[PDB]
Amino acid sequence: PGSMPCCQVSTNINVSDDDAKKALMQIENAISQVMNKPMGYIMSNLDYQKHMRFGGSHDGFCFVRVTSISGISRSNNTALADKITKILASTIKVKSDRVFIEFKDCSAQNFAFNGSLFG
Amino acid sequence: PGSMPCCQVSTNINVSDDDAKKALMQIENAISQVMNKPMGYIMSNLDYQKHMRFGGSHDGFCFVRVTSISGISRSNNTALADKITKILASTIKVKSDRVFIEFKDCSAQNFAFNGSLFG
Amino acid sequence: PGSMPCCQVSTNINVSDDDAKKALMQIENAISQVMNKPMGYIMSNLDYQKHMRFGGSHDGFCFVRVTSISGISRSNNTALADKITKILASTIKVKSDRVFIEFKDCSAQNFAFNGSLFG
Ligand SMILES: [Cl-]
C-alpha cells in the first residue's frame with residue numbers, strides 16, 4: 001500500500017451520530033483528494049472529550065491529528081489544514097479559530113498493517 | 001502566535017467533572033508560567049480510560065502528553081514534569097510513581113490554527 | 001528504569017470489560033518478551049471509539065500505538081507487529097487486515113516518571 005493516512009478529530013462538542021459520520025466522510029473525501037489515496041486505505045475517527053478546553057474556555061474546540069507515512073508536506077498540509085477546518089466549521093459548528101491541526105510523518109519501519117511492516 | 005501548547009492527561013481514575021476542571025486549570029497555569037504563553041493559546045484535556053493499566057495493575061495511573069512547537073527544551077521539560085506530577089497527585093490523588101509524562105516537539109510546518117500553518 | 005513501554009489500542013469494537021483485560025494482558029506479555037522489560041514498567045490501554053471507521057466502513061478495526069524510549073528497532077517492531085495483530089484477532093475477533101500498528105521512538109529527555117526526566 002505504501003501509505004495509509006489517518007485522521008482523528010477530538011472535540012468537546014457533543015456531536016450527534018449523524019453529524020459525526022457526515023464530518024468524517026467529508027474529511028475522508030478531502031484526504032483521498034489531497035493524498036491521492038483510495039478510500040480503502042483511509043482511517044478516520046471522531047472522539048468526544050467532554051472535559052477538553054482551549055483558551056481557558058469550554059467553548060467548542062477541535063484538535064485534529066493527521067498521520068501518514070507519505071504525503072506529509074507543506075503543500076498537502078496547507079490544503080488539508082484549509083479543508084478540514086472548513087468541514088468541521090460547517091458540520092459541527094466549531095469556530096475556525098477554535099481548530100488545531102497536527103500533521104505527523106511516520107517512517108515505514110514504524111508502521112504496520114496486517115501484521116507486517118511497510119518496509 | 002508562534003507556539004500553542006497542548007496537554008492531554010489520560011487516566012484510569014474516574015475523575016469528577018469539577019476535579020477534572022481543577023486539574024486542567026492548575027496544569028494550564030503551570031504551562032503558562034513555564035512556556036510564558038497567555039491562556040488564550042493553551043489547550044488542555046482530561047481523558048478517562050477505564051481499561052488503562054500500569055505495572056500489571058488497575059490502580060490510579062496518569063499518562064500525560066505535552067505538545068508544543070517551541071518550549072520543548074530540557075529546562076522546561078524538567079520544570080513541567082515536576083509541576084504537573086505534583087498537581088495531579090494533589091487534585092486527583094494519583095501516586096507520584098504512577099504518572100508518566102511525554103514531551104513532543106512539533107514542527108511549525110506540521111501545525112495549523114484557523115486553517116493556516118504556523119510556519 | 002531506562003525505558004517504560006506503552007501500548008494504546010483504539011477500536012470501534014465495543015469490547016466487554018473482560019475481553020479488554022484479556023487482550024491487554026496478552027499484549028503486555030508480548031511487550032515484556034520482545035522489549036525484555038518487567039511488567040512493572042509496562043503501560044497498556046484499550047479505548048473504545050464508537051465513531052472510528054476504516055476503508056469507509058464501520059466494521060471492526062483497531063489502531064495500535066506502541067511508544068517506548070528504547071526497543072523501537074526493526075527487529076522488535078516486526079515481532080510485536082505480528083504478535084499484537086494475532087492477539088487482537090484472537091481475543092476481540094478483529095480481522096488482521098483491519099489492524100494498524102504505529103511505533104514511536106521517544107527521547108529520554110522527553111519522558112518523565114515520578115516527576116523526573118529519564119535522560
Ligand atoms: Cl460545547
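Rules used throughout
- Residues numbered from 1 in each chain as written, not as in the entry; some residues may be left out.
- Chains lettered and ligands numbered in written order.
- Heavy atoms only, no water.
- Helix = DSSP H or I, 4+ residues; strand = E, 2+ residues; numbered from the N terminus.
- Buried < 20%, exposed > 50% of the residue type's maximum accessible area, 1.4 Å probe, protein only.
- Contact = heavy atoms within 4.5 Å.
- Salt bridge = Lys/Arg side-chain N within 4 Å of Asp/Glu carboxyl O.
- Pairing = 2+ DSSP bridges.
- Axes fitted to C-alpha atoms, helices over the stretch in contact; angles between N-to-C directions.
- Expected span 1.5 Å × (residues − 1).
- Arc of directions from axis to C-beta.
- Buried area = accessible area lost by both parts, 1.4 Å probe.
- Polar contact = N/O pair within 3.5 Å; in protein donor to acceptor, adjacent residues only side chain to side chain.
- Nonpolar A, V, L, I, M, F, W, Y, C, P; charged D, E, K, R; others polar.
- Parallel < 35°, antiparallel > 145°, perpendicular 65-115°, else oblique.
- Left-handed = near helix turned anticlockwise from the far one by under 90°.

Judging from the entry metadata, X-ray crystallography is the method by which this structure was determined, and 2.75 Å is the reported resolution.

Our next topic: the environment of A:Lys37. Residues and elements named next belong to chain A. Position of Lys37 among the secondary structure elements: in the loop between helix 1 (17-35) and strand 2 (43-48). Look at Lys37 and you get buried, because its relative accessible area is 16%. Considered as a pair, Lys37 and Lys95 are 58 residues apart in the sequence and their alpha carbons are 29 Å apart. Among all residues touching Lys37, those that are not within four sequence positions of it are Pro1, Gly2, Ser3, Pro5, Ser32 and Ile42.

In this section: the pattern of salt bridges. Summed over all chains, the structure comprises 14 salt bridges over all chains. When the shortest N-O distance is used, the salt bridge between B:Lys50 and C:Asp17 registers 3.8 Å. Of this pair, B:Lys50 sits in the loop between strand 2 (43-48) and strand 3 (53-54) while C:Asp17 sits in helix 1 (residues 17-35), which puts the two residues in different chains. For B:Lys50, a relative accessible area of 47% puts it in the partly exposed group. With its nearest N and O atoms 3.9 Å apart, the salt bridge here joins B:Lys95 to B:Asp59. Of this pair, B:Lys95 sits in the loop between helix 2 (74-91) and strand 5 (99-105) while B:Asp59 sits in the loop between strand 3 and strand 4 (62-68), placing them 36 residues apart in sequence.

As summarised here, the arrangement of the seven strands in space is 7(B)-6(B)-5(A)-4(A)-1(A)-2(A)-3(C), forming an open sheet in which the pairing is mixed. Where the open sheet ends on each side, the last strands, each with one partner, are strand 7 (116-117) of chain B together with strand 3 (53-54) of chain C. Taken together, the two bridges between strand 2 of chain A and strand 3 of chain C define a ladder with antiparallel strand orientation. For A:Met43, the partnering residue across the bridge sits in strand 3 of chain C and is C:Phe54. Contacts from helix 2 (residues 74-91) of chain A reach strand 1 (6-11), strand 4 (62-68) and strand 5 (99-105) of chain A together with strand 6 (111-113) and strand 7 of chain B, with the element oriented near 145° to strand 5 of chain A.

Because the α-helix completes a turn every 3.6 residues, residues three or four places apart line up on one side. Residues and elements named next belong to chain A. An ideal rise of 1.5 Å per residue puts 27 Å on 19 residues; helix 1 measures up with 26 Å between its terminal C-alpha atoms. Considered for burial, the residues of helix 1 that qualify are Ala20, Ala23, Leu24, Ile27, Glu28, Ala30, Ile31, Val34 and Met35. One face of helix 1 carries all of its buried residues, which in axial projection span an arc of 165°. Facing away from the buried side of helix 1, by more than 90 degrees, are the exposed residues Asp18 and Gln33.

In this assembly, 25 residues from chain B lie in contact with 29 residues from chain C. The largest contributions to the chain B side of the interface with chain C come from B:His51, B:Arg53 and B:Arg74, which together make up 28% of the buried area. Between the two partners, chain B and chain C, sit two salt bridges. Run the count over chain B and chain C and you get 13 residue pairs in polar contact.

Further remarks concern the interface of chain A and chain C. Opposite the 30 residues of chain A that make contact, chain C presents 26 residues. For the pair chain A and chain C, the summed buried surface comes to about 2300 Å²; carbon and sulfur atoms form 55% of the total. By the criterion of area lost to chain C, the three top residues of chain A are A:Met43, A:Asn110 and A:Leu117, representing 20% of everything that side buries. The partner of C:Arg53 in a salt bridge is A:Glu28, with the nearest N and O atoms 2.9 Å apart. Between the two partners, chain A and chain C, sit 11 residue pairs in polar contact. Looking at which element gives the most residues to the side of chain A that touches chain C, the answer is helix 1 of chain A, with six residues. For the side of chain A that touches chain C, the residue count by class is 15 nonpolar, 10 polar and five charged. Two strands pair when backbone bridges link them, and strand 6 (residues 111-113) of chain A and strand 5 (residues 99-105) of chain C are joined in this way by three bridges, in the antiparallel orientation. Residue A:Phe113 lies in a different strand from strand 5 of chain C, and its bridge partner there is C:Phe100.

When two helices pack together, their arrangement is given by the angle between the helix axes and the distance between those axes. Residue and element names in this part refer to chain A. Taken N-terminus to C-terminus, the directions of helix 1 and helix 2 make an angle of 160°; their axes are 10 Å apart at the nearest point. Classified by the interaxial angle, the pair formed by helix 1 and helix 2 is roughly antiparallel. The element helix 1 and its partner helix 2 pack so that their crossing is right-handed. Where helix 1 approaches helix 2, its residues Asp19, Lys22, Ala23, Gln26, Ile27, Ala30, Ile31, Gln33, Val34 and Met35 are matched on the opposing element by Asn76, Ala79, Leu80, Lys83, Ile84, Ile87, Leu88 and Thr91.

Strand order across the open sheet formed by seven strands is 7(A)-6(A)-5(C)-4(C)-1(C)-2(C)-3(B), with mixed pairing between neighbours. On the outer flanks of this sheet lie strand 7 (116-117) of chain A together with strand 3 of chain B, each paired with one strand and no other. When strand 6 of chain A meets strand 7 of chain A, the two strands line up antiparallel, connected through two bridges. What sits directly across from A:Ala112, in strand 7 of chain A, is A:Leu117. Along the sheet, helix 1 of chain C contacts strand 3 of chain B together with strand 1 (6-11), strand 2 (43-48) and strand 4 (62-68) of chain C; its crossing angle with strand 2 of chain C, the most-contacted strand, is approximately 145°. Along the sheet face, helix 2 (residues 74-91) of chain C touches strand 6 and strand 7 of chain A together with strand 1, strand 4 and strand 5 of chain C and points at about 145° away from the line of strand 5 of chain C.

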